[PDB]
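Coming up is one lone chain in structure tokens, specifically the form deposited in one PDB entry.
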């Protein structure tokens, strides 16, 4: 019989990545997997306009209920795209919505490796980007001279109801930005447990990355991680030989971590950072490794029922330049490994979170990975890694499908 796919949200995009995933679903998945349990959503920039971001609020609904999501790269309907695609209106990045709609704790940005192919990092690297707070949710104004005041009124504790001044300053410039933001730190307890759990499993030395020396408000991010590590993980890490006795959890300053990403070409490490630091450091990580596509973008949130909501996406966009090449009858060679790593993760999580056909699903997803890696070893991968004698997009799809 075919493998019974567990309930999973499948978010289709457009352009080259949608063309490639249609071939992957048709030729790799569907012959071997009953995907009846998949809930499919059309996130074409058009369909987000045409439905007024209904299809987005429906994806978020399906996500909270099913807890496993594969998302293809999508076109954010920015002002440039409204004109190009003849849309009616402009719409924001879906990330903030998904990060809050699924109680996000982290975006896992991990190095993708190919057995038999050497990339920038020799061994796996793990990165945890705090999924919430910071400047991504800042309120702000561009102003000239005047007085800026920030007050806080606690709702609890011995000073409930008492308004206190957080900051007051005189702006003395004719052109200035004034900015307020918050970092919610309650879920850093869960982030710590998730991160250290993953790092132990992977046998990588974990590091915590902040600017807490100057940005002193960041101290809790560090203190919560050290506390969870010392009480719940330091023993297991010494026992597994990842860390020696007496060795302590190391904090790295954000600016220093940019230097460690370049130095530490052996890999075998893990880092956890705030939202913005993680955005910037993970792109540096991508470039040292190979390119954006060679890092995951795996959102992990916490359901009210205590299980994890996990969304998986490739770290590249829809590759419109290649879709143009295709529609000019020029050969293409899209490496689908980034998106396949995402689909594997989604299918695996769906099987685990629902307890449906776990053994067969994990065996199939592992075989897909093993088959792809072996083609790359033989010089039968895509042209990004195998050079000009590498296979086209379609030749690669067929090469994998024959070997499943």
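Positions refer to the first chain, counted from 1.
Higher average CA B factor: 74-82, of the stretches 316-324 and 74-82. Relative to its counterpart among 105-113 and 243-251, 243-251 has the higher mean temperature factor, C-alpha atoms as listed in the PDB entry.
Ranking 290, 88, 212, 129 by the C-alpha B-factor listed in the PDB entry places 88 at the top. Based on the entry's C-alpha B-factors, the most elevated value among 375, 347, 45, 29 belongs to 45. When all modelled residues of the chain are sorted by CA temperature factor, residue 237 is found within the highest third. In this PDB entry, residue 229 carries a Cα temperature factor that places it within the highest third of its chain's modelled residues. The PDB entry assigns residue 123 a C-alpha temperature factor belonging to the middle third of its chain's modelled residues. When the modelled residues of the chain are ordered by their C-alpha B factor, residue 352 lands in the middle third. When the CA B factors of the chain's modelled residues are split into thirds, the value for residue 192 lands in the middle one.
Just so it is clear, the following notes concern the form deposited in another entry, a form of the same protein that is not shown.
In the other entry, the CA atoms of residue 13 and residue 279 sit closer together than in the displayed form, by at least 3 angstroms. Relative to this conformation, an increase of 3 Å or more in the Cα-Cα distance between residue 198 and residue 350 is found in the other entry.
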